[PDB]
């Protein structure tokens, strides 16, 4: 009961209804355990708007800070993952990762051709991404460009442009660097200073169902 605990979970693949369930399960565990924070190792190439928005909401309502960590090297928080990142308490990126490319689409044709959205729905997602960025005090100009210019950024760029808060090679470096940082959004109405000194790190294993469903969506 007098411990400082950080949970670490892993989220990989397309952001779908089932990804929501994962976020909710992992965050719920950390809440009920009174965790100082939960770190989510995120690697997503794309996903659905509705699940994305539900995840952002769940993060907004989280009773503990949610740290989105684009990890491992080569991971991306592209498309829906970028919104999830921008909607969270702190963003970290591992060397060799990517953030951005958030243009909304209606989806994919038989060809594999891109089915673009009506111009006005592009403007809707622009408003939404700008909102997330300004609510978390992050660069809404660059965030807008994730859509309008299909802009994608490396860790160092994302940092320099004030889109993320941390560049870190692993969990331990993440903890060391983010220690003492204020969350970019509130936790239960208050901005919170992260206390990662003397912390116990607990890894949450993805379940059989997580790995299987991810693998199936993969193909």
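Numbering follows the first chain given and starts at 1.
- Checked against the other entries of this protein, residue 116 counts as unresolved in at least one third of those spanning it.
- Residue 73, modelled here, also has coordinates in every other compared entry of this protein that models residues flanking it, well short of the third needed to call it frequently missing.
- The stretch with the higher mean CA B factor, choosing between 53-61 and 169-177, is 169-177.
- The mean C-alpha temperature factor is higher for 116-124 when 116-124 and 137-145 are set side by side.
- Among the modelled residues of the chain, residue 95 sits in the highest third by CA temperature factor in this PDB entry.
- Sort the modelled residues of the chain by CA B factor and residue 31 lands in the middle third.
- The entry lists a Cα temperature factor for residue 71 that places it in the middle third of the chain's modelled residues.
- The entry lists a Cα temperature factor for residue 130 that places it in the middle third of the chain's modelled residues.
- Placement of the Cα temperature factor of residue 10 within the chain: middle third of the modelled residues, per the deposited record.
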